[PDB]
Amino acid sequence: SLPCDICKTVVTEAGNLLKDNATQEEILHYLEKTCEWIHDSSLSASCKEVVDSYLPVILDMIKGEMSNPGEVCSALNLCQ
Amino acid sequence: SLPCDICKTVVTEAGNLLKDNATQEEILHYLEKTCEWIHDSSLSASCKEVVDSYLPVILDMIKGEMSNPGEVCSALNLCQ
Amino acid sequence: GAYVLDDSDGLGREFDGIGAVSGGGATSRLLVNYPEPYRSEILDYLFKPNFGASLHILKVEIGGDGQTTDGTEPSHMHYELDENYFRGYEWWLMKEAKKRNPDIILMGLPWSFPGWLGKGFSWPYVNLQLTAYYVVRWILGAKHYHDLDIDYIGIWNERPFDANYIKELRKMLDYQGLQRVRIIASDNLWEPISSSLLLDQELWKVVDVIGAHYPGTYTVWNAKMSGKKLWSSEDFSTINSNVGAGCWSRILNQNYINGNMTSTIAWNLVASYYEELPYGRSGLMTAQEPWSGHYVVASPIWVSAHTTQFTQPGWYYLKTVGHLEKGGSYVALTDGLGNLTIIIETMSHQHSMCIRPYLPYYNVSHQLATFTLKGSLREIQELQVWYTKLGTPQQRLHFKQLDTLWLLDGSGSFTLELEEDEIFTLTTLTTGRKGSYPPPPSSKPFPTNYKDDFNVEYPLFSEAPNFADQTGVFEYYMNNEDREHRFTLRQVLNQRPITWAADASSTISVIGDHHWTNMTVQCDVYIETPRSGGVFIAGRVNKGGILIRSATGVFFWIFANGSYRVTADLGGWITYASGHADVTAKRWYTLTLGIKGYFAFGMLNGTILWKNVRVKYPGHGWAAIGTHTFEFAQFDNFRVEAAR
Amino acid sequence: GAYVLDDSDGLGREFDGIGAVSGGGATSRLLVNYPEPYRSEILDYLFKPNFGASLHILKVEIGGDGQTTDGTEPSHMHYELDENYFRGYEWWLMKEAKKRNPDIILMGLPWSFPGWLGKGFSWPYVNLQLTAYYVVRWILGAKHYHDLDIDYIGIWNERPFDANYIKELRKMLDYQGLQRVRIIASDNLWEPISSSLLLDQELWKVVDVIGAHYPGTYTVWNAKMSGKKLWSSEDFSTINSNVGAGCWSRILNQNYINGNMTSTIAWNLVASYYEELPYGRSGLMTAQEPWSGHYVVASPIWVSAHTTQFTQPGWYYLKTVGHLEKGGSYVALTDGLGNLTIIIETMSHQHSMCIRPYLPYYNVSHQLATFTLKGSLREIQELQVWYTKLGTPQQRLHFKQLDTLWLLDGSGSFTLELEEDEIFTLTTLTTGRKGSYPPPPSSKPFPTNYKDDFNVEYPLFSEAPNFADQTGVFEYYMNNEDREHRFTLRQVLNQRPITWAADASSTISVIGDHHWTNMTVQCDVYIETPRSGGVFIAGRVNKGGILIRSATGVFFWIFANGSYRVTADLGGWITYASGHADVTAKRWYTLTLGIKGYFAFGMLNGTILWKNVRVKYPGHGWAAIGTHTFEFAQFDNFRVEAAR
Ligand SMILES: *[C@@H]1O[C@H](CO)[C@@H](O[C@@H]2O[C@H](CO)[C@@H](O[C@@H]3O[C@H](CO)[C@@H](O)[C@H](O)[C@@H]3O)[C@H](O)[C@H]2NC(C)=O)[C@H](O)[C@H]1NC(C)=O
Ligand SMILES: *[C@@H]1O[C@H](CO)[C@@H](O[C@@H]2O[C@H](CO)[C@@H](O[C@@H]3O[C@H](CO)[C@@H](O)[C@H](O)[C@@H]3O)[C@H](O)[C@H]2NC(C)=O)[C@H](O)[C@H]1NC(C)=O
Ligand SMILES: *[C@@H]1O[C@H](CO)[C@@H](O[C@@H]2O[C@H](CO)[C@@H](O)[C@H](O)[C@H]2NC(C)=O)[C@H](O)[C@H]1NC(C)=O
Ligand SMILES: *[C@@H]1O[C@H](CO)[C@@H](O[C@@H]2O[C@H](CO)[C@@H](O)[C@H](O)[C@H]2NC(C)=O)[C@H](O)[C@H]1NC(C)=O
Ligand SMILES: *[C@@H]1O[C@H](CO)[C@@H](O[C@@H]2O[C@H](CO)[C@@H](O)[C@H](O)[C@H]2NC(C)=O)[C@H](O)[C@H]1NC(C)=O
Ligand SMILES: *[C@@H]1O[C@H](CO)[C@@H](O[C@@H]2O[C@H](CO)[C@@H](O)[C@H](O)[C@H]2NC(C)=O)[C@H](O)[C@H]1NC(C)=O
Ligand SMILES: *[C@@H]1O[C@H](CO)[C@@H](O)[C@H](O)[C@H]1NC(C)=O
Ligand SMILES: *[C@@H]1O[C@H](CO)[C@@H](O)[C@H](O)[C@H]1NC(C)=O
Ligand SMILES: [Ca+2]
Ligand SMILES: [Ca+2]
């Protein structure tokens, strides 16, 4: 009714956050830097490669679900 | 005021949804399965191993941010 | 066992054709600069009917300026007010394919999109109209500037679809008089597209084909139920060895048998990209040496011929298709004009594994298979026979024609002796041919002494040869206002595109021999951005494609704020040397980078800037050029001398 | 190069001690069943003062029933209403450490938590008070049952902290009369704990120490500013080779120099877990063969001694510490009683790389260092000298005492010739000692014929030896109501823990020699759950620890619904064989599994159930037992015969 309208607006904002231009690059940089913490001199490539291979697909996949706010709210039992 | 109260409850429902007992195992299975799509007979181990190593840390880390609903809403410009 | 083939109870599904993908990304990059006659010979092996692969379908990437697996592909609209229908090589390829086979089916699909389109976001569905106009304009451009009819249009390669964009796209096409253009969705998995079609009548009406990637010969219930044509819109992606050929052979038959799929499209068409880039040599054939003219007519070419030379889109599969008693499968087709084609494969598990998905063990042992022709097929008394055996060079027979079969005894029956890894094509058609051209030149490494002054007044292609862009887009550029640097190479991206892959934050184009270890790179550079601008030259660049972000070597950077830096990585996280330099924007400088063993040096206008800087060794990789961010910059008089 | 050492301008930070971790997870598993005198000798090399590593701190995992790297560790509360302070080996270890060194510092930290604390969620912050009560019960139990004073308590290992939980934990501790117990947070990165302390006065008051993991010798601005003690609460985790020893040497000095860290704690204490489990041989020493008594006093033991034998918690660092002109570093500490200790290291980059994080290149070359003792240090006339040289066998010398140094010339100055990969300890203290015990027995593989009938009436430890639980918890069990099976082994988890790692969905305990390839496993099994219950025995189990989910091998399952299954994986996705069997719940059955080359067979009560089932070969791994889910089941009369 009314929490359905607000729920939908929250999902929208959250979506718009991941959809921001800066978001992809900001996440890659965080995740590549954590690669230097997770492993040494030799295996810094494996980690970094895995990140640059799946992060786009993961992030874009999430943006996909955030794009249908009605559906999100329906699952959270705030819409139906 | 009023969208601040609803926003906070949305973050809580989603947060609690990931916090369900069944959630970890469900996600594990999904990604472990997608590993058979991504790779063949030989490299089915690498993918599966990566999954069983980092999903725990990643998932539980997100559950952390969802645990402070006020903070989430402040970033979404629905609270401050 | 006795295998019946009959058309008495009716027919199976309509066959839609076999195809291949050029794009996703820059897979055809090195083909364009092959000398004649070799370039034309390669094209014949791919597209000439009753010769080689004789492909029914050509699927191309609609360039979006982003990195899309083995490089970037140029867009028709770099900027909102920019329109150019002559960049890249996909237009040329489609025209070459169409010249050989006018009945070839054409498909277009975006992987990436230019930045401007997102209107501040890294999402293509921001303004559904603007995105649909961007795409439909390409399709109209294909006809107005190249006389090409695009038959099929996709949504967003291996990325989420928008049902409302799919609806807008139909509207847009129809409005622009392109009602004939069909829509394929969603170039990802069977779901959520299949279930979405069952729940939405309006969406069901606008989607013509369900296109799934790497399905492993199977479909899902919802897809069968949709009543739509089902295609494996992207498959293969395996090294073109005998193993790769086996994988292709098996899926060509079993995609229909197991998954009701009436079309299979291989990624990629031809391996015309540096082998050390991701998924090297994963094309139907190999053509990665334009400097030598050397090409390889790989096994998958002949595996393709077994179907493509004896079938055509519009033929129908019979209801009678299936698996063999001791392993393998058989398909059978008709044109309804009296012709019949029978394709049999016995690919062993060990010699037919694809990259995707997981293949579970199955045994293949020697067998005898008897085939009886019931119905209208019983009137056939003569069949042509074609044979292939994959394996070691000693037992390697590609597309060899065997003795004609005679079924004169009125029985309408015959038997075959079947071993492992064999293909048989039994057809009424007389048109079969194993196409042949004299052997091409021997393989040779990339030239150890190379130069490009980019002094090409009216180039045939938008970019200089052998430069493979891995982030950003580099093009031939003419500056009349300057006589000393009239013809240059320019990086033209001014913003990060709606990325398919994880593009670098700096632009970069690689060239040469990945094996090179000791080298001297020289180039004249020009920074267009005041204060903030930066450019580089590099050597020993080890990684590209989807892993371009991880790339390491020796990078020599110079910034318009009067500084320089030498890094071990494209990311610039690791510093070898740094300091001040007499460098500003809008001024031409000559950069020299020398790398030998553990040590490197750099020169500015022939004067030493830095010397004896210790670098990681051993190390090897390509030479490269680039810019600090997505910014304009020019390059001229490129030179490299190296030792492999 | 003259380096001034002086206490005239005052002192640096208070030194808090060097320690090691037992836990995270089951790292001390195989130490408990070492025969005497070897077990006691190992403990001396670790904890005996002025002997070996002479550790100042012992940090233990507070077992939570979950998989925590190399196995599971038993909780004091398996279920609500359950309390037992005698499970596992951490109580015993702490008591053994305390017997040798009564001034040892004790720390506890949870990795996992029992599932019941989650009340429906896999989250420990559902009821703050309840979770704090669980943790505080452990501290109270340590005191009440073992006379152990826990000095420090942590939050949640490498997992998010809750500010309110930390506050509630402080309240709870104080309420229970444990005001002396200090809190360390958050056993993860410098952030967000450091900034949280600056923004919240109340949180700042309750946190005594900022504990960071694998910091790479550096801290952050917010942590320095907090004014809190900074500890590298988890570091090292590298193979105990000479390279591992170099890593440890370098960080011990530079954690203080570069990051103001006054304590460093190594993961792990001693490698007493199967080497083929994750991070094998990453302890200060090695003791992974209780069956032979063979142990290795690895290099890190002596690197530890260079600091631990000549410093004590409560000493102060001087303001005068730093790096050497041509590479390496020096620290200096006093006790305020006129004693002085100087520790110098020259670890080359190539021989001191840790697993975490990335170490950037730095050069180290031959040099001379002059030290001058200003202030109250000038009055020192004499210094004892200890030396270590890491490297090749031709040049490895450990903790060798050299000729005393005299400064009688009133100069208060001395000079050293330093090469690479060297450690020097210069101290006034006379108490130094390279501890020695005769060489232990030679290494030998796990017994090829092994049996355990679990017939131990009053066991010293809660679980049978050599069984390393990888999911679930297995314990000695006594059933008086049965004479034929009075003493068994029982899986006691009835629900999945609040996991730290990705535990399997089936319980499993591994044993033996990972090299085993042909084997026969036998065990009496008992399913407690009617209808749904299931158990298994297995061979060639190739993975464990944090990778337990990935384990392959040959698994023979029986179910209480009258069925059986043979799988290639613990996950049961791959079936080798399946069918019916005369099996019900609450009945004892004898299971036999035989594996040889490409073939396997299984027996039920000595009768063949399945035979000549083709399995993957080659293959190798441990023997194992387990249950279908987190369910009760019993095992008895275990036997294995194998060929390596
Ligand atoms: C790329 O340049 C490096 C740097 O010069 C080359 O490596 C160097 O090659 C020379 C000749 O092969 C080596 O010298 C030899 O040393 C041995 C003793 O070690 C001596 O017996 C010989 O008479 C000769 O002087 C030199 O050691 C080697 N340097 C290193 C650091 O490996 C490399 O060969 C060049 N590669 C290519 C493909 O051009
Ligand atoms: C574990 O069991 C397997 C299965 O028996 C063992 O492999 C087998 O070992 C035998 C003897 O080493 C091999 O037989 C030999 O065959 C050659 C011809 O190939 C012949 O010249 C010899 O006289 C002998 O008969 C047998 O081929 C081999 N089987 C396989 C499948 O490899 C294995 O050695 C056992 N491993 C351990 C550690 O006990
Ligand atoms: C899709 O293909 C499947 C086979 O993969 C068809 O299912 C049956 O296939 C067997 C032979 O494998 C035949 O004996 C059956 O008669 C087939 N079913 C029917 C209804 O004819 C299935 O029919 C195909 N689906 C569609 C939509 O054509
Ligand atoms: C098999 O297919 C061929 C190819 O289309 C058929 O040949 C054509 O037949 C039509 C009339 O049916 C003619 O108009 C074409 O000119 C023929 N083309 C060629 C190249 O022959 C043929 O009819 C079919 N049937 C048989 C039994 O061959
Ligand atoms: C933390 O340690 C750093 C050194 O890593 C201290 O910073 C300075 O260190 C140099 C020598 O490297 C000294 O000459 C300076 O006197 C130090 N600064 C000050 C203010 O004394 C830093 O002081 C230490 N921080 C704390 C909180 O003690
Ligand atoms: C160096 O440290 C030792 C060890 O504590 C000091 O020796 C102790 O001195 C106190 C009084 O200062 C006595 O009560 C202890 O009995 C002594 N113990 C031992 C083992 O000697 C010593 O004072 C310090 N200073 C010097 C110069 O040695
Ligand atoms: C495959 O089949 C043949 C004939 O039935 C048999 O001899 C052979 O052992 C089989 N191989 C496997 C691995 O099942
Ligand atoms: C290390 O330093 C020494 C002496 O300054 C020098 O001879 C050597 O070349 C240096 N090595 C590197 C790799 O910088
Ligand atoms: Ca020029
Ligand atoms: Ca017993």
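Each answer follows from the model by the rule given with it, or from the source it names; no laboratory read-out is quoted. Using ideal geometry, Cβ is built from the backbone for each residue, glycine included, and neighbour counts are taken over all protein chains shown.
The residue pairs whose first member lies in the range D:240-266 and is in the same structural domain as D:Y279 (by CATH), whose second member is part of a helix (DSSP H, G or I) and within 16 Å of ligand 8 (Cβ to nearest atom), and whose beta carbons are closer than 8 Å, counting only pairs six or more residues apart or on different chains, are D:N242/D:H351; D:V243/D:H351; D:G246/D:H351. Restricted to the range D:397-509, the set of strands (runs of 3 or more DSSP E) holding at least 2 residues that are away from ligand 8 (no atom under 16 Å from the Cβ) and within 14 Å of chain B (Cβ to nearest Cβ) comprises D:468-471.
Among what's in the range C:609-644 and is among the β-branched types (V, I, T) and over 25 Å from D:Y361 (Cα atoms), pick the residue that is nearest to ligand 5 (Cβ to nearest atom). Before the answer, list the steps.
In the first step, residues of the range C:609-644 are kept if they are among the β-branched types (V, I, T); the result is C:613, C:615, C:625, C:627, C:629, C:640.
If we keep only those that are over 25 Å from D:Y361 (Cα atoms) as well, we get C:625, C:627, C:629, C:640.
Details: C:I625: 41, C:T627: 37, C:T629: 34, C:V640: 45 Å.
Among those residues, the one meeting the criterion is C:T629.
Residues in the range D:322-343 that are at negative phi and not in a strand (DSSP E or B) were compared, and the one that is nearest to ligand 1 (Cβ to nearest atom) is D:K326. What are the residue pairs meeting all of these: first residue in the range D:443-464, first residue surrounded by fewer than 16 Cβ atoms within 10 Å (Cβ to Cβ), second residue of a type outside the set (D, E) and not in a loop (DSSP other than H, G, I, E, B), Cβ atoms under 6 Å, and 6 or more apart or on different chains? Listed by first residue and then by second, the contacts come to D:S443/D:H294; D:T448/D:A642; D:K451/D:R639; D:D453/D:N637; D:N455/D:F487; D:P459/D:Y476.
For the range B:38-46, the condition holds for at least one residue, the condition being that it is β-branched (V, I, T) and facing another protein chain (nearest Cβ under 7 Å).
For the range C:202-311, which fully contained strands (runs of 3 or more DSSP E) count at least 1 residues that are basic (K, R)? Even if it seems obvious, please write down each step before you answer.
On the way: elements: C:209-213, C:229-236, C:261-267, C:286-289, C:294-296.
Hits in the range C:202-311: C:229-236.
Kindly indicate whether any position in the range D:112-123 is in a loop (DSSP other than H, G, I, E, B), without any contact (Cβ under 8 Å) to a residue 60 or more places away in the chain, crowded, with 17+ Cβ neighbours inside 10 Å and not assigned by CATH to the domain that holds D:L269. Looking for residues that are in a loop (DSSP other than H, G, I, E, B), without any contact (Cβ under 8 Å) to a residue 60 or more places away in the chain, crowded, with 17+ Cβ neighbours inside 10 Å and not assigned by CATH to the domain that holds D:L269, one finds none in the range D:112-123, hence no. Total residues in the range D:510-554 satisfying the condition of being within 14 Å of another protein chain (Cβ to nearest Cβ) and among the small types (G, A, S): the figure is 5.
Taking the range A:20-30, which residues are more than 8 Å from chain C (Cβ to nearest Cβ) and surrounded by fewer than 17 Cβ atoms within 10 Å (Cβ to Cβ)? Within the range A:20-30, A:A22, A:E26, A:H29, A:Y30 qualify.
One line per residue, one yes/no per condition, for (1) of a type in the set (D, E); (2) at the interface with another protein chain (Cβ under 7 Å from one of its Cβ atoms); (3) within 23 Å of C:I546 (Cβ to Cβ); (4) buried (at least 20 other Cβ atoms within 10 Å of the Cβ):
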residue	(1), (2), (3), (4)
A:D5	yes, no, no, no
A:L18	no, no, yes, no
A:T34	no, no, yes, no
A:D52	yes, yes, yes, yes
A:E71	yes, no, no, no
A:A75	no, no, no, no
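Considering only residues in the range D:345-376 that are farther than 30 Å from D:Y279 by Cβ and buried (at least 21 other Cβ atoms within 10 Å of the Cβ), the one that is nearest to ligand 2 (Cβ to nearest atom) turns out to be D:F371.
Can C:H620 be described as over 26 Å from A:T34 (Cα atoms), outside the structural domain of C:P278 (by CATH), over 36 Å from the mean Cα position of the chain (by Cα) and not β-branched (V, I, T)? It is false that C:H620 is over 26 Å from A:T34 (Cα atoms), outside the structural domain of C:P278 (by CATH), over 36 Å from the mean Cα position of the chain (by Cα) and not β-branched (V, I, T). Among the residues of the range D:325-361, those identified as within 14 Å of chain A (Cβ to nearest Cβ), in contact with a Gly (Cβ under 6 Å, 6 or more places away or on another chain) and within 16 Å of ligand 8 (Cβ to nearest atom) are D:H351, D:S352.
Could you tell me how many of the residues in the range D:482-525 are of a type in the set (V, I, T), within 16 Å of ligand 2 (Cβ to nearest atom) and surrounded by 22 or more Cβ atoms within 10 Å (Cβ to Cβ)? So that I can check it myself, show each step before the final result.
From the range D:482-525, those of a type in the set (V, I, T) are D:488, D:492, D:498-499, D:507-508, D:510-511, D:517, D:520-521, D:525; that's our starting set.
Filter once more, keeping what is within 16 Å of ligand 2 (Cβ to nearest atom): D:517, D:520-521.
Cutting the leftovers down to surrounded by 22 or more Cβ atoms within 10 Å (Cβ to Cβ) gives us D:521.
Within the range D:482-525, residues that are of a type in the set (V, I, T), within 16 Å of ligand 2 (Cβ to nearest atom) and surrounded by 22 or more Cβ atoms within 10 Å (Cβ to Cβ) number 1.
Would you point out the residue of the range D:356-394, among those that are touching a helix residue (DSSP H, G or I) at 6+ places or on another chain (Cβ under 9 Å) and charged (D, E, K, R), that is farthest from ligand 7 (Cβ to nearest atom)? Top of the filtered list is D:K389.
Being touching a residue at least 60 places away in the same chain (Cβ under 8 Å) and assigned to a strand (DSSP E or B) is the filter here; which residues of the range C:609-628 pass it? Scanning the range C:609-628 gives C:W622, C:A623, C:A624, C:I625, C:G626, C:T627. Scanning the range D:215-252 for residues that are crowded, with 24+ Cβ neighbours inside 10 Å and of a type in the set (G, A, S) returns D:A223, D:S232, D:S233, D:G244, D:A245, D:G246, D:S249.
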